[PDB]
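S.K.: The structure under discussion is supplied below as structure tokens; questions concerning it will follow.
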Amino acid sequence: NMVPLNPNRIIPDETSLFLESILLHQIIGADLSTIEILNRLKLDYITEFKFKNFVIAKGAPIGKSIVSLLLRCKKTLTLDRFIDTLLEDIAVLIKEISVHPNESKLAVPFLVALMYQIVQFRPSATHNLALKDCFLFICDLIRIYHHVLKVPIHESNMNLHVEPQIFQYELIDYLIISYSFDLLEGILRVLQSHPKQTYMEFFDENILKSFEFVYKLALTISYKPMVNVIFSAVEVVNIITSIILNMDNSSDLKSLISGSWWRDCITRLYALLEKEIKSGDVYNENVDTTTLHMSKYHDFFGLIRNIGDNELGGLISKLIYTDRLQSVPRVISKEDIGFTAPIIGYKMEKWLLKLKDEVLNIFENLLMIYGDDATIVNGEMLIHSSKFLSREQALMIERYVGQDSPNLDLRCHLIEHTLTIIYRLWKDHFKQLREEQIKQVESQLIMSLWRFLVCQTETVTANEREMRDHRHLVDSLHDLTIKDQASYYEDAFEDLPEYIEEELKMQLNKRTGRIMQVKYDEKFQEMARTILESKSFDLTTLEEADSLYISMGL
Amino acid sequence: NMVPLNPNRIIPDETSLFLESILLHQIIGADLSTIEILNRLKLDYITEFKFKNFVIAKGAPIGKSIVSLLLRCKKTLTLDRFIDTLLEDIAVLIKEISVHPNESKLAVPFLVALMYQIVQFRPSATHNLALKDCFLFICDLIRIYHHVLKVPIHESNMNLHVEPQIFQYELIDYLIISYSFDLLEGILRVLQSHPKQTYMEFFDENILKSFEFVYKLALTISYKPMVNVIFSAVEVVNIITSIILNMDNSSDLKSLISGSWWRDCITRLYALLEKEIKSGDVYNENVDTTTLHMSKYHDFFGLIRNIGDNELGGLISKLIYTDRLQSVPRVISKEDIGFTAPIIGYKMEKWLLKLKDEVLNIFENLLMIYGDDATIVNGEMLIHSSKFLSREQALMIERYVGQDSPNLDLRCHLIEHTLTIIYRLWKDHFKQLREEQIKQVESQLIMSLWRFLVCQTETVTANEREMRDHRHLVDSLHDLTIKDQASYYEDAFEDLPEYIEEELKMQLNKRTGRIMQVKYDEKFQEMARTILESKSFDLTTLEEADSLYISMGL
Amino acid sequence: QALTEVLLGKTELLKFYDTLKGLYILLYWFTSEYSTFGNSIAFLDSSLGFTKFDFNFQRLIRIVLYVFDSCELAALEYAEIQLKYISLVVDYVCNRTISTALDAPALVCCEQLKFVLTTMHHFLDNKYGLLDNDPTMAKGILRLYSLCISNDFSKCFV
């Protein structure tokens, strides 16, 4: 009854698979593979490079030197030694390509994306000290590429837009910055995949200091923000707080952490969360720090997620002449880019709603870190989260219910989740919640609770019949979604046995009610009830609470 | 007592090893790897090529299209399917690069050498129908590249050597022809390595017809012979006759063979063997058809053997501009090539002596094929082999004993082996040996036998003492050889226990006697005795034989 | 043929040993130079450093590499017989050189060079052949580097 083994198990050579994946690695949008674009590269200022038998001549094909290193170290090293050999060698390559005044850095984005593909292929064998070395290299690499995330808010009155309208250097260093932060995110997720005993090798003070500088560089205040790198920079902090939660020896990590790092992160998180998401001025350039707007001149996918349309895709291919060995960039006139469909705006809104979800998610995570009170568990997550909850309910009701965009459901899931972020902060963390700050938010908290307490009346739904008319009114988009899923992409969605479309005509209807802002879930109504009704704080008196009960009836 | 197995036997991926060997494959002499030189290749006349998803654009990097095919078929095929996929695809590539008037064929030598590396890597998996297809492709490929081996014997009186002194097209097609014949040799040795039941899949009439044409093209008569392709062409016939000997069903092969193919091969073999080997005019250009002279304008190594000095290897590197994508060749002025050491001449003599050894070796082989008599077992291997034996004894004694070149021992091993070629032809094949042709060679046969029967006197050696003085006189070069072997390159040649240099003070002495033309081996003396003394034919009468016995004494 | 049933593990111990040893000596006879074995034997029939024994030997050496990866034995005598085959693989490629007067003996087949180089490299990569006061692998490495001092094959060595 024992299953018989395979006598000729062909375990594939994992470094051969890794090498082949390197060689055929191509980013999404460009014509040629990344290695081949590197073959189309030289460097006519560094007339010789060598670090460890990694000789690059003056007019040498750079990717040819790469593949020399690749094929050489393939015969020699095992997997992790091959990896970190490539990591440190291409790191030193990126290093002295960077630190030179006259040198163009066109190889650098492809080198960073190449190195990302190197890292993320097998995280099981990728070594954490190599992660640390590469990580600190990307951190001080971004403080080298310094002036990108520090373009000022407004131009001068005489800051002329007369210009050669060039885009090649801008494309180079936008890809450098974006791929760099993407690589930081990749390092930390593969370091997350490394086990829950093995972090102190990665973590020391220099990790936190370098990331603290580049984090203030990323979530900027007096400069134009790059929404791309904002995604990465907050996903980093997500991975950080996640592994702090999921290790046993969180004490060494939090003792390494100074609370200045916390309270400098949390202010930029608040200033991020107090921004707005409006489709009609995403791809417009507008007032700063209110509109996460994803500028037209940096619009591609990225290494992890495919964040935009990648209008710059063929422009990555036209960065090079593809019939020639060069280092200077091929031309991109800047304004040739650029009315068909604002679905681009809707999916960019979908990304930004997932972003604010991640912001309140890491708020949740850090509260679960500091179950105890601290400098940062201090009450401002009543204020800022309550402001967010109140605004994304009020102008939800004013603006969104009946706007039939696909983003309505996630935008009203934001309030559904930050209700619990209010709730467990209220119940389990009342000890720090100061008497002054609750009065700083006394209107909006109680009103936001009452916007769920008004939903216990239940005089809209009461049936099945008219509710599906209402979801024809507002939720035809999810009807399209579920017909496409039921028709193509789900095994269980065919030949429905008259118990599961029963579940459908329960859940689509409660979902479209949750869109229509009446008839939330009773547990969320109870969570809003057991803060306002709760006598932990005098939110209302009894002679003021009935003034709100009459505003339902009751 | 059973040895334990290995639970994690890492069988390497053999196609990964094969692919890596392709990618790092570099010919001996050029700077870059072969694939990397192919990366510097385009073709601006065939504006698009495609055979089986093998799209090549106009200015496309050709080796990039190769490595696209390589990495694509790596993930899909097993080893033999990967091989013959590459074989037919690069074959079609070579095909339409050839059949075009305006097209330069610079990719073709590297494609042929690449294909050779493809074939010879694993002969165990390489399939014989693919060998047949590739083989016929190389045969009609050489009849395409027709005029190379058909440059006339002499130039005209007004055939001016005013010329642009270009060498690049000459280098291209000399490498094409030479690598082509080298590939033919490789196909037939890997086909030899294929087992002794599996030849009829390879062999049909078209094999023999195509090779018969290219063989008459190779061992030319009215044209200037390239010695390189003569080596390959006779090694082909060696492999042919060898597998004819080493199969059981030789009858189907010899029934496929018409005797015209034999008697057209054997005439060119006779005309080859009736040439001379002289060091002082190897690298001179001289009278034809007597001096296998290995012309200066084709002097490189080749794919199997390293036949020359490879003066042209740096010129193979300088065939391309290496910083540029091109198809036209980089410049080689023809006479920049070209006093230190005629050791180059001595080693080229060593090659040519091995060549004539191979000629008489395949004579031996075909006699052992036709133990029975035929059109070609017909007596002319008394005449031509006896002429060779007599001349390489006579001017051996006149010219060589005391010339202290390293080639003396093999030049007098030629006579030692063609003595047996005479001998077993005499003993076992007397039935066809006509009464007329023995009188055509009556002088030289009996005189050649007498030059061994003079060595039964034994009045030079008789001791040890003076013989080592004689090997100081003529055999100091083998003393250098055996001191280098005794000092570096033999395990058994240290701490000699007084039984093994006892072998040396016999064998160096019999070797230097065999050089000094007195005191051959007694078995060779007996073989020369049992032809002349033998009454199978009246070579001498008894009253004429004593006239030769008195010329020793006796 | 008997080499293959040590894969299935039912092989003996001394019969294993002298099967490997008899394989080794049958290799060693045919790895000799052209002067010892001439054209008397039908796979050494071809001259010019280029025999039928070439590719069959390159087959069987990969077969015994596969057998050595198949077996798992750290015996002292197994290390002793393990050094023997790398001695044989350097002796196979030394004697087919042209063997001139005082210059380094130039090879004939760069493929046979690459075969012995990659063979002893794959040998060393798997921690194979370790024994006390034994200069055999050192001799092989030094002889092949002496072949590849400064010729065109030095890049082939590296």
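By order in the structure tokens, chains are A, B, ...; within a chain, residues start at 1; ligands start at 1, following the order shown.
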Within 12 Å of chain A, which residues of chain C are there when counting only C-alpha atoms? Please give them as a PyMOL selection string.
M.R.: chain C and resi 7-9+70+118-119+121-122+124-126+158
S.K.: Residues of chain A within 8 Å of chain B: nearest atom pair and distance (Å, one decimal) for each, counting only C-alpha atoms, sorted by chain and number, as a tab-separated table?
M.R.:
```
residue	atom	partner	partner_atom	distance
A:10	CA	B:11	CA	6.9
A:11	CA	B:10	CA	6.9
A:12	CA	B:13	CA	6.0
A:13	CA	B:13	CA	5.8
A:16	CA	B:16	CA	6.2
A:20	CA	B:71	CA	6.8
A:24	CA	B:71	CA	7.3
A:36	CA	B:64	CA	7.7
A:59	CA	B:323	CA	6.5
A:60	CA	B:323	CA	7.2
A:61	CA	B:323	CA	7.8
A:64	CA	B:36	CA	7.7
A:71	CA	B:20	CA	6.8
A:323	CA	B:325	CA	6.3
A:324	CA	B:324	CA	5.9
A:325	CA	B:324	CA	6.0
```
S.K.: Write out as a PyMOL selection string all residues of stretch 139-189 of chain A that backbone DSSP assigns to helix (DSSP H, G or I).
M.R.: chain A and resi 139-144+168-189
S.K.: Give me the residues near residue A:317 as a PyMOL selection string, where near means some atom within 6 Å (using only C-alpha atoms) and where sequence neighbours in that chain fewer than 3 positions away do not count.
M.R.: chain A and resi 30-31+314
S.K.: Set the distance at 9 Å and use only C-alpha atoms: which residues neighbour stretch 472-485 of chain B once local chain neighbours fewer than 5 positions away are removed? I'd like the list as a PyMOL selection string.
M.R.: (chain B and resi 401-406+467+490+493+508+511-512+515-516) or (chain C and resi 99-102)
